[PDB]
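> structure of the sequence below:
(chains A and B, ligands or ions: 8)
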Amino acid sequence: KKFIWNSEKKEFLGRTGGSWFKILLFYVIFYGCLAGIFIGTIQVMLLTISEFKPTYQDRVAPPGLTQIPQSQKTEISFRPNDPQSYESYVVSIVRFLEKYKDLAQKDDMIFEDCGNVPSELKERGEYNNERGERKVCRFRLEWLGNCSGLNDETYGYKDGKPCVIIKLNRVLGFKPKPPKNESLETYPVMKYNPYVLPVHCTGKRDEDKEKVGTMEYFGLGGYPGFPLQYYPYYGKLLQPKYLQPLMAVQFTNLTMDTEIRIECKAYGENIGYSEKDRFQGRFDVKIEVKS
Amino acid sequence: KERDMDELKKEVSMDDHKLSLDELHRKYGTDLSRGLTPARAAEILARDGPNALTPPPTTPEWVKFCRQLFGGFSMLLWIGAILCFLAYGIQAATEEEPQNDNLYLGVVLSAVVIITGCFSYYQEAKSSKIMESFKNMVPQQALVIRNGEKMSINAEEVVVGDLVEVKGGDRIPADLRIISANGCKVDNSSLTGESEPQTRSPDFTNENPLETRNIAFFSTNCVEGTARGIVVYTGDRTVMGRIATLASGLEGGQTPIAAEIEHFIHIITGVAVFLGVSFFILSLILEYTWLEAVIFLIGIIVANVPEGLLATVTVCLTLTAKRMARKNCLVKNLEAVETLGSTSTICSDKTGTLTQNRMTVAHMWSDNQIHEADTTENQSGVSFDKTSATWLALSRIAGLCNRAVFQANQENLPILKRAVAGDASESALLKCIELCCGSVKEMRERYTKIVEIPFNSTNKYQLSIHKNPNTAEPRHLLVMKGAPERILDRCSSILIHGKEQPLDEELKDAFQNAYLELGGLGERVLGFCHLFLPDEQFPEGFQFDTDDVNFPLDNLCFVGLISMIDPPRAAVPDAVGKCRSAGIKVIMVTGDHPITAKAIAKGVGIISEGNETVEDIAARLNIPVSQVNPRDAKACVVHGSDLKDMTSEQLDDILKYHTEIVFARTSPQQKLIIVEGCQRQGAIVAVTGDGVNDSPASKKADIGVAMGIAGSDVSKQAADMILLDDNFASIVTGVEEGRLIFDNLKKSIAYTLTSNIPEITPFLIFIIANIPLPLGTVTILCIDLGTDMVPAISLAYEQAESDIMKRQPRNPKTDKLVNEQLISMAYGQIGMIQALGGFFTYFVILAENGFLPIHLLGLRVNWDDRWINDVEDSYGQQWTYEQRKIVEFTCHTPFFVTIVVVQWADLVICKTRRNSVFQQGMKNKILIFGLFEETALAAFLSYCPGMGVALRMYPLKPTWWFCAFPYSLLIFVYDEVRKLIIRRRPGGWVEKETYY
Ligand SMILES: *[C@@]1(O)O[C@H](CO)[C@@H](O[C@@]2(O)O[C@H](CO)[C@@H](O)[C@H](O)[C@H]2NC(C)=O)[C@H](O)[C@H]1NC(C)=O
Ligand SMILES: CC(C)CCC[C@@H](C)[C@H]1CC[C@H]2[C@@H]3CC=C4C[C@@H](O)CC[C@]4(C)[C@H]3CC[C@]12C
Ligand SMILES: *[C@@]1(O)O[C@H](CO)[C@@H](O)[C@H](O)[C@H]1NC(C)=O
Ligand SMILES: *[C@@]1(O)O[C@H](CO)[C@@H](O)[C@H](O)[C@H]1NC(C)=O
Ligand code: BEF
Ligand SMILES: [Mg+2]
Ligand SMILES: [Mg+2]
Ligand SMILES: [Mg+2]
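Residues are numbered from 1 along each chain as shown, chains lettered A, B, ... in the order given. Ligands and ions are numbered 1, 2, ... in the order given. The protein structure is shown below:
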């Protein structure tokens, strides 16, 4: 059957050279015309969306609750002695924090010291490029209490009793709300309420609760809360390198060489959760420090 | 060694007939007239077994299931299913908590085939089911005389070397030799297609075993007269059984439809491997792991396989058949429906198939003029003028001279379709009166006979003499019916317009001239004369003589001539012409005598008037036959005797260089050789038959056909098509449908195929550019097997673009079902537009939620991770795993919708191959409905509670629906102008490529 390539007519693969060219021209022109159309349609679509804001934000209404040492299974297992064992977890913590030293926070216009106390949310105008490049509120590494403490606390972290910190997903224009004054659902570990966003963590099950002896969270104001003044985040482009608020926790008399599970729950009215997204404003983690 | 057994069956029949009476005895040792002893009989019954044909091997119902589960198209789907699991297995071990998508594909794929299979078998069962409903045949007791004790026995109980009295109305028990005869004639039409009953004689007549009257045949019956004879061949040994055994043990041949599938299959996989291999190359070039690369190749090849097309084709095929069954055209095998359209050449039988296998009054000659009686089965024919009194003076002779009458049981049965005893010739005469000249029952008794004359071998003549009830002339009347030459001697006067006239010689020439013309026509010729018998010269009361000849034999008053022949069916002539109009070749094969055949083809359109057979040219010049060159004769006749000494090569020559062509005196075996000779051209040939002589051809035919009642049961089974109504015109309807379904399949095939380009496309770029997956595997299923089907089925209902009958037969080596052209139109161009729109929609959504197209590159890796939950967009927000996944799912769903929107245009454009949308118009109601069914379904699929939970398909924001509207409209524009561009340009390059 292998005579298709050539014949007396010498049609190439059964098609004459002249036709071969004719198909090519038409196909090329057609494909070219097709591509041009599609792109032009896309160009329109660009013009529909303003650079400053997204057109649909419905799917981020319950915001996320990421950790810092993103792990293949939210599980931390390592040797309190072997650097290699805990190196991966710690490696990101610095390269993450790298953009948080007083060095980057240098240009006065770019960085404005919000304060050392939580305050009313720092509303900064109405979103537009008509107002200039808006301002960012500074965040000090020292607000972390003896976690990533540099002179005060060892870079080790994971030598024993490792620190873990929670970051709220940045959402454009999100205005955090204090938890309801009614405290039926509010376990009040923290006295401060008006300008702090409550963060608490607990063991997954009653047995887990027994396993974890104690946990300590260190934050601005000596409260386990996010700074209301910092929000609302006004654009990554609008505020290049805007710094996300960071909150951390640490553990004490834990049970080593034993897998245990920890749940970190954000609280407040404008926070939802889903039994299908563990990270949907909720938080889970498996942790094992084997020696 | 059966090829030899088959070959021996193929050979023409051989037998020993000529021998002394004593010699038959000296072979089988049975007394000529004493019958035999029981002990002798018992020995033979073990020796050869019972007198019955061996039943064809029963086929268990369970076995059939597997046939449709295998076949050809089904097999292609299977490997896919299998290749899903084989892929899934590789995937299962390598991946951790792997997605269950590939596994799902496989189960559904197998299920589709199993369903499709189960559905098919339901129909092919229902045919043979209801086919058994008319297979209610009955055993007939054998008539046997043994040891002179006249003991009739069961037909199976019959044994070799035994005596038998074949009385009139008794079926012939088995092939036998004849020792005594009293004019019994037998219907050899089933075995050898002899329209006229042939009389049976003990003496040898012709060398050909079939022709000689000494022997007898099975599945025939003594009609009139009686005789006796002695067994020769019984059971399987019988010629007919041999013939059947031959037929059943032959090769049904590959049907043309499924062959186009087998070529269709090649192209599908052929692009698939190239696409897959190329991608596998690129994938490795792209550095992805070998193990993963294999999965990629399998996935592309698998998803490239059509899914629901198998069901669409099957359903479409069944529908077409149903309408045929609505008009009593049944097919045991679903595939054969298309065969009629594909036929380039046909071969039909004369008796029982074209003819009604009933002798019937054809022409009449009165007052020196001819009057062709209406030959119509259903009495739709025109009639002669009956005003002349000569019709009366003629009609009475027939009504009274005939010996018998209708059976009492027949009541509302039509006059033509009612059984009657005695000679058929007499029956037709009884018929012709009963339609044209009132009734006969009263007419027969109203004139009271006295003495009648039965058939006499010596001094043959047949006459009677009855009384005159009409008061005008009480003198008794005598009627004589006889062969014309004998009749001519005994008549002088002739009645014209009620006046007796003498035998002028010129009139004598005219009667002779008419006799010659009718003989050429081939109708049996009978002449009728009646003269009033006076009462003055002969006493009005009792004055009769039976031994010494009293009444005036000579000098009677002649009236006219009546001709009898087996006409065609009412719709046969027009149908033949219609077939010729499609350029189809029409050829007649029968075992009957040439004399009868030649006229039939002239009268039915096989032979155009004025075309000359090799012989007519000789007659036109009064010259020896040998001289004229055969090329001059556009048509040719071929007697069977010559055929035996003929070489395959000569046939080829005989076929090409002629058109109108007829064979006669042909054995059933010889018929089969004809079909193969037609097949050797490489063309598609069909066959229509009535009797067992036609059983072998129908089988080995690409497709065989027969009559539901006037057909032989053996042949009935072999054929792939049964005509219940026996309406020959149905064949014309069949070709119409066959050509029609063909094109609509081309249309249907394209719609489902074009869908694959957008189906597959995301999966491709997804790997190439590491973007989020634009289309879910599950959603594809909702297109291939969900929304698209209802249109795909609707396409089949499309009416004719133009007069297909004008179109010549397609050529199987040329205009194939799925050419390279079709792929170019759908896969090459429309599909790319079809897909392009989906990507546009995909980009729009992501952007509208702040995921910018430029920014989506390489994003796959971090995207599909189940743990990273701070994924950043170009706007810079952070997203959790489930949310951005919900978006992807809610982004998959529009892709599914857009596909329907885009498919809408395809449904329209593929409704026509050439005509403009409105040139044909949207008149196909089912097509329309599907549009809504498809739409409504799609809409529901996105807005039912929790579809995003059960099927991971979420609701849709309102703008999205109109996303691809320009694209779909554009597709419409491109195709319409293209189809309208080839309307103007008859032979432009436009046609060679775009047209499919
Ligand atoms: C900080 O993380 O670590 C230091 C120890 O490195 C703690 O300051 C012992 O550890 O704590 C008690 C008070 O809790 C003192 O009496 C001892 O002097 C401390 N020893 C040393 C060597 O400092 C401190 O508690 C801790 N801070 C927090 C916020 O946990
Ligand atoms: C010339 C006419 C026939 C069609 C030309 C196509 C162009 C100009 C138009 C026609 C339909 C349009 C699209 C239809 C729907 C959407 C979705 C919406 O969320 C943003 C606008 C967008 C993305 C439109 C972009 C511009 C578009 C592609
Ligand atoms: C808080 O609501 O209640 C406290 C009483 O237990 C009170 O001391 C504190 O100031 C209140 N703060 C606000 C903002 O309501
Ligand atoms: C430690 O948490 O738990 C011990 C029991 O396992 C207990 O003896 C000890 O006091 C606890 N230490 C602290 C600091 O609370
Ligand atoms: F005349 Be057909 F051969 F029966
Ligand atoms: Mg026949
Ligand atoms: Mg067949
Ligand atoms: Mg598909």
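> check contacts around the closest residue to ligand 6 within the stretch 151-291 of chain A.
Distance from ligand 6 to each residue of the stretch 151-291 of chain A (Cβ to the ion) is smallest for residue A:276, at 75.8 Å. Yep, even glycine has a C-beta here, placed from its N, CA and C like the rest. Residues counted as contacts of residue A:276 (Cβ atoms under 8 Å, 6 or more residues apart in numbering or on different chains) are residue B:882.
> what count of nearby residues applies to residue 206?
In the absence of a named chain, chain A is used. By other Cβ atoms under 10 Å in any protein chain shown, the residues close to residue A:206 number 8.
> that's the other chain; I wanted chain B
Counted with other Cβ under 10 Å, residue B:206 comes out at 12.
> and what about the nearest residue to it once chain neighbours are set aside, helix, strand or coil?
Leaving aside its sequence neighbours, residue B:206 sits nearest to residue B:212 (Cβ to Cβ, 6 or more residues apart in numbering or on different chains; 5.0 Å). What DSSP: H, G, I helix; E, B strand; the rest coil gives for residue B:212 is coil.
> distance check, residue B:212 against residue B:666.
For residue B:212, the distance to residue B:666 equals 17 Å [Cβ to Cβ, to the nearest Å].
> same thing with residue B:270?
Distance, residue B:270 to residue B:666, using Cβ to Cβ: 45 Å.
> next one: residue B:256
Look at residue B:256 and residue B:666: by Cβ to Cβ, they are 26 Å apart.
> out of those two, which sits in the more crowded spot?
residue B:666 (25 against 22).
> ok, the residue lying closest to that one once chain neighbours are set aside - how many residues close by?
Nearest residue to residue B:666, sequence neighbours excluded (Cβ to Cβ, 6+ apart): residue B:640, at 4.6 Å. Each residue near residue B:640 was counted by other Cβ under 10 Å, and the total is 22.
> who's in contact with residue B:640?
Neighbours of residue B:640 in contact, by Cβ under 8 Å, 6+ apart: B:591, B:663-667, B:670.
> minimum distance to ligand 1, which residue of the stretch 51-200 of chain A gives it?
Minimum separation of the stretch 51-200 of chain A from ligand 1 (Cβ to the nearest ligand atom) falls at residue A:146, amounting to 2.7 Å.
> that residue against residue A:218, yeah?
Yes - under the criterion of Cβ atoms under 8 Å, residue A:146 makes contact with residue A:218 at 6.5 Å.
> which residues are in contact with both of the two?
Residues touching both residue A:146 and residue A:218 (Cβ under 8 Å, 6+ apart) are residue A:250.
> which of the two has more neighbours?
residue A:218 (21 against 14).
> may I have the beta-bridge partners of that one?
residue A:248 (DSSP bridges).
> which ones are touching it?
A:143-147, A:248, A:250.
> what's the following helix or strand after the helix or strand harbouring residue B:527?
In this assignment (DSSP states H and E), residue B:527 forms part of strand B:524-532. As assigned by DSSP H and E, the chain's next helix or strand after strand B:524-532 is strand B:556-565.
> so which elements touch the following helix or strand past that following strand?
Later in the chain than strand B:556-565, the nearest helix or strand by DSSP H and E is helix B:572-581. Judged by 3 or more Cβ pairs under 8 Å, 6 or more residues apart in numbering or on different chains; DSSP states H and E, helix B:572-581 is in contact with strand B:585-589, helix B:594-604, helix B:730-754.
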